[PDB]
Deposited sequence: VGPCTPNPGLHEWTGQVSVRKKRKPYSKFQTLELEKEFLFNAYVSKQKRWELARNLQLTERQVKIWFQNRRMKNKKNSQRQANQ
């Protein structure tokens, strides 16, 4: 065994992704308020919405 060898993701629904993508088109960066609004509306945490937009921007750069 090696030292480097030494939870839990769940794919979002179609509704969540579409709304998150729709908002991303308006603005790639989202304030604390809108983030709380999306979290409440899309059944997510504020951190999850935060992380999603961070990953989305990276995906947007790679393309």
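Counting the deposited sequence from 1, the stretches lacking C-alpha coordinates are 1 to 9, 16 to 20, 78 to 84.
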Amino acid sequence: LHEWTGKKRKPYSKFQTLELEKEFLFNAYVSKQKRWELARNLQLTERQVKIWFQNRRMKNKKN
From here on, numbers count along this sequence of modelled residues.
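The stretch 14 to 22 shows the higher mean C-alpha B-factor when 14 to 22 is compared against 48 to 56 in the entry.
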